[PDB]
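Participant: Following this message is one structure expressed as structure tokens.
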Amino acid sequence: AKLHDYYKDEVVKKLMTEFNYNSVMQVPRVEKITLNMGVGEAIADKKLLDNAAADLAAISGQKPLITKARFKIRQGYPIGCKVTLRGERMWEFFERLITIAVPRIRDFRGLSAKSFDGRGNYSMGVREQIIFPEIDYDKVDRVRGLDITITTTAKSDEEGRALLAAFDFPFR
Amino acid sequence: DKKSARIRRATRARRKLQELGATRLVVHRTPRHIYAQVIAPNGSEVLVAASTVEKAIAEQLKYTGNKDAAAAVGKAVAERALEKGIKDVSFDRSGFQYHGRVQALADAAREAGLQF
Amino acid sequence: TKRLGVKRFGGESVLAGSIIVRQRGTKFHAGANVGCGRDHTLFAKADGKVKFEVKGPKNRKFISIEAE
Amino acid sequence: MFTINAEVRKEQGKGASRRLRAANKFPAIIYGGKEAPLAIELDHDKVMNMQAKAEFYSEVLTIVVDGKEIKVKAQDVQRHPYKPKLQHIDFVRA
RNA sequence: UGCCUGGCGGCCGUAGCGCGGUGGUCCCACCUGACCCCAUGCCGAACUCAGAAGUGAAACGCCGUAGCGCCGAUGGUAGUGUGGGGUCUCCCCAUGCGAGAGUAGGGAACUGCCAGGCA
RNA sequence: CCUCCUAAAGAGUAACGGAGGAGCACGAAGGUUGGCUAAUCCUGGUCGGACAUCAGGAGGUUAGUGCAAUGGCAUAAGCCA
RNA sequence: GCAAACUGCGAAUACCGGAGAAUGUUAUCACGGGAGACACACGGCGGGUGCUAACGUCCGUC
């Protein structure tokens, strides 16, 4: 909720005047943020998966959950663990990342507008996690990055563009 | 959809209870109110019904939905049903979780003398 | 290189605890005042009349027993 | 508009149908509208005679029953796979 | 005695899907924050706490839309029991039972009890 | 020892007629109560190529239901606690 | 386009169960005694096997 009040104060007015919605919640709003490094290299050994889980726990305020597969992978093989938030941690983590993580990107050519699901969600993988200062260089084992997929109530790609612009959408 | 899953869950309870043909006491939880009814085995008729919407319960309640409101509703329905002569009737939480308002209402009813 | 089908029929009078139909799968489901076995073998819970009907969201075939 | 006259069916079943077919005749029905549909007995020879013209199936036909002419449209015709015989003609009142 | 909503049954496609508008009077739905009752195989997602802070966005509510799905006559046809016949492989005769598909049409489900709001 | 047809629509109705599997196990892989509900294909995303990864979409069991086969399981007999 | 091991549809004969008419030496069932009986065949009805070539062979029924 660190940025929730600021969001409601600033994004809502501009989005309402540029769209002229009726209800307060008609503005697209993020519901969950997914952090899941698709390392896909723990097949040989699970130590890498343990290291990834530890990194997720350190970076995030919670502990990751280990999932299983739906490449030479069997059924029910645990390969990666994902992290998601729902609550104040949403805005806390988003504000932190947009303050320190997103601005500090090396060779930052910009986001990918086309990288949508076609229905109001954006998915992309940003490598060289060194952008996040929370990543301690002591415990880094390989060049990795977060496969962030923003989950938003946007009903179309136009709403996704508008809500990304609300966060100033640095550039393409 | 939460409604679909809730109805799916309640259907099993209802269909397993229907084998006995006994008057059911169905309680429904609403975000703003609480409903409680006693229905005969046929299901097309109800013996008694009371909800927080009625002034009889909301007069002393600042709001219709909370632990205190659930307890008051339970006491009222228990008194009315005891006046009716339930004689060890069966309860049903509309396929819900016995956690809050349902739990408080059931505890209040059992305090009044409910035999279930 | 043992016996399926309908053994007891609607409108018949049977004594308590009488097997009416055994089914390989759930082709039929026991109705009111009717029990079910491990092998989905329906047996009469009382004495009276037997009815075969079709009901349910999928229109499944059901077997019921009513007071004579 | 064709001056077509037929006879009302008196029996229900395959018996009269086969009797008509053997004697170079066949049955038919007239339905459509709130008025109750009725079965009719069409003579095969006359049907062949007045169906050769292409206008038979074009406009609304006239059927005469007990000296009563009514407008009916031929819904469909069912024929034998190889025998040029009309198994059954279905009409609609118009 | 009427219009509207909620709960519970018969009803299980003439009850479903597609389009428009209509609703915050009551009621209903979303929801704020949650250290407090409670909690996650991580998360107030659900569960539970103070309510209308905000709204009718989805949802449901009515009607029209027969677009779609569905049912569906009426006859006839196929098939066939019984007895017989022929050129007895197969077909037909007398009688009875009577397909599927298709067709006109129906098709915006209906019905029962309680509770609440407006007349 | 067991399942599918062969086989003329109650049960049965010859084959050396064609398919076959099983000689297993669980102190859980049973039960109690609670919670949840797949396959199939597609969109975005370094390796990852389209399918090692998550989010969303058509849909709600054609996944799964420890053993070969066949019927059944949405109330889930399917998964977890 | 196909499917004895395809059914999204779906017949009459055959079954017992309930009500009902006349029928027929009770034509129906149990018990007890006493039998033969344990190699049938022709044709028709719908099939399998067999090379539907078979006046070959086997099935349920008259």
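Participant: How would you order D:62-74, D:12-24 from highest to lowest mean count of nearby Cβ atoms within 10 Å?
Facilitator: Ranked from most to least packed, the peptides come out as D:62-74, D:12-24.
Participant: Across segment D:48-60, in residue order, what do the Karplus-derived ³J(HN,Hα) couplings come to in whole Hz, using 6.51 cos²θ - 1.76 cosθ + 1.60 with θ = phi - 60° and x for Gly and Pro?
Facilitator: 4, 4, 9, 9, 4, 4, 5, 6, 4, 9, 8, 9, 7
Participant: Related question: Can you return the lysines within cross-link range of C:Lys7? Criterion is Cα-Cα under 20 Å, with same-chain partners fewer than 8 residues away left out.
Facilitator: Those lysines meeting the cut-off are C:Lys27, C:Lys45, C:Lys49, C:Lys51, C:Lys61.
Participant: So what is log10(I(q)/I(0)) for the protein assembly as shown at q = 0.07, 0.08, 0.10, 0.11 1/Å, when the Debye sum runs over its Cα atoms only?
Facilitator: Each listed q maps to, in turn, -0.84, -0.92, -0.97, -1.00.
Participant: Related question: Would you work out which of A:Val39, B:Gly74, A:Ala162 lies farthest towards the positive end of the dipole of the protein assembly as shown, given +1 charges on the beta-carbon of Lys and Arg and -1 on that of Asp and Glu, about the Cα centre?
Facilitator: A:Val39
Participant: While we're here: Using Cβ counts within 10 Å as a stand-in for footprinting exposure, how do A:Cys81, C:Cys36 rank, fewest first?
Facilitator: Listing A:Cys81, C:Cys36 from fewest to most nearby Cβ atoms yields C:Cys36, A:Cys81.
Participant: At q = 0.27, 0.28 Å⁻¹, what base-10 log of I(q)/I(0) does the Debye formula yield for segment A:131-172 when every alpha carbon is treated as an equal point scatterer in vacuo?
Facilitator: -0.99, -1.03
Participant: Can you run phi through the Karplus equation (6.51, -1.76, 1.60; θ = phi - 60°) for segment A:109-124 and list ³J(HN,Hα) in whole Hz, with x for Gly and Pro?
Facilitator: Ordered by residue, 3J(HN,Hα) equals 5, x, 6, 10, 5, 5, 6, 10, 7, x, 9, x, 10, 10, 10, 6 Hz.
Participant: Residue farthest toward the positive end of the dipole of the protein assembly as shown, with Cβ of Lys/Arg at +1 and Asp/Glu at -1: which of D:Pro84, B:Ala106, D:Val72?
Facilitator: Of the candidates, D:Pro84 comes out farthest on the positive side.
Participant: Distances over 15 Å make up what percent of all Cα-Cα pairs in chain D?
Facilitator: Everything past 15 Å amounts to 59 percent.
Participant: Amide H of D:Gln75 versus every other amide H placed in the peptide plane: which residues, excluding those fewer than 5 positions away on the same chain, fall under 5 Å?
Facilitator: For D:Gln75, the qualifying residues are D:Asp90, D:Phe91, D:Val92.
Participant: Using only the alpha-carbon atoms of segment C:4-68, report the extent along each of the three principal axes, biggest first, to the nearest angstrom.
Facilitator: 29, 22, 17
Participant: Kirkwood hydrodynamic radius for segment D:41-94: how many Å is it when counted over pairs of different Cα atoms?
Facilitator: Averaging 1/r across every pair of different Cα atoms and inverting gives 12.0 Å.
Participant: With 5 Å bins from zero, work out the P(r) of segment A:3-167 over every alpha carbon pair and list the percent per bin.
Facilitator: 1, 7, 15, 19, 19, 16, 11, 6, 3, 2, 0
Participant: Report the net charge of residues surrounding D:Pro27, where surrounding means a beta-carbon distance below 12 angstrom and charges are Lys +1, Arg +1, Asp -1, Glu -1.
Facilitator: Cβ neighbours under 12 Å give a net charge of +2.
Participant: Tell me, what ³J(HN,Hα) does each residue in segment A:58-70 have, in order and in whole Hz, if you take phi through Karplus 6.51 cos²θ - 1.76 cosθ + 1.60 with θ = phi - 60° and put x for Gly and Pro?
Facilitator: 5, 5, 8, x, 9, 10, x, 10, 8, 10, 9, 5, 4
Participant: Over all directions, the average projected area of the alpha-carbon convex hull for chain B comes to how many nm²?
Facilitator: Mean shadow area of the hull around the Cα atoms is 7.1 nm².
Participant: If you count, for each residue, the other Cβ atoms within 10 Å and average over each peptide, how do A:84-96, D:31-43 line up from highest to lowest?
Facilitator: Ranked from most to least packed, the peptides come out as A:84-96, D:31-43.
Participant: Among A:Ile79, A:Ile148, rank each residue by its count of other Cβ atoms within 10 Å, from fewest to most, as a rough exposure measure. Could the numbers behind the result be given before it?
Facilitator: Values: A:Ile79 20, A:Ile148 17.
The fewest-first ordering by Cβ neighbours comes to A:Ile148, A:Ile79.
Participant: Assigning unit charges at the beta carbon (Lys, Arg +1; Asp, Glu -1) and nothing else, what dipole magnitude in debye, to the nearest 20, does segment B:1-77 show about its Cα centre?
Facilitator: For segment B:1-77, the charge dipole is close to 520 debye.
Participant: When the label point is put 7 Å from the Cα of C:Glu12 along its Cα-to-beta-carbon vector, which residues of segment C:53-68 have a backbone N closer than 20 Å?
Facilitator: C:53-54, C:61-68
Participant: Return a single number: how many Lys pairs in chain B, at a sequence separation of 8 or more or on separate chains, have alpha-carbon atoms below 26 angstrom apart.
Facilitator: 14
Participant: Give me the dipole magnitude in Debye, nearest 20, for chain D about the Cα centre, with unit charges on the beta carbon: positive for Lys and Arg, negative for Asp and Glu.
Facilitator: Working: 17 positive and 12 negative charges, 78 e Å.
That gives chain D a dipole magnitude of about 380 debye.
Participant: Continuing with the same structure: For the protein assembly as shown, build the charge dipole from Cβ charges (+1 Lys, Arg; -1 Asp, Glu) around the Cα centre, then report which of B:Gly43, C:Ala67, D:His44 sits farthest towards its positive end.
Facilitator: The one lying farthest along the dipole's positive direction is D:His44.
Participant: Something else about it: Could you give the dipole magnitude of chain A about its Cα centre, charging the beta-carbon of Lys and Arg +1 and that of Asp and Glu -1, in debye to the nearest 20?
Facilitator: Using only the charged Cβ atoms, the result is roughly 600 debye.
Participant: Can you work out the FRET efficiency for the pair A:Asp50 and C:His40, with r the C-beta to C-beta distance and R0 = 56 Å, to the nearest 0.05?
Facilitator: 0.75
Participant: What is the order of D:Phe2, C:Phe9, fewest Cβ neighbours within 10 Å to most? Walk me through the numbers before you get to the answer.
Facilitator: Values: D:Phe2 14, C:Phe9 11.
Ascending Cβ contact count within 10 Å gives the list C:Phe9, D:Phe2.
Cβ sites come from the backbone with ideal geometry, for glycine too, and all protein chains shown count toward neighbours. No lab work stands behind these numbers, since they all come straight from the coordinates.
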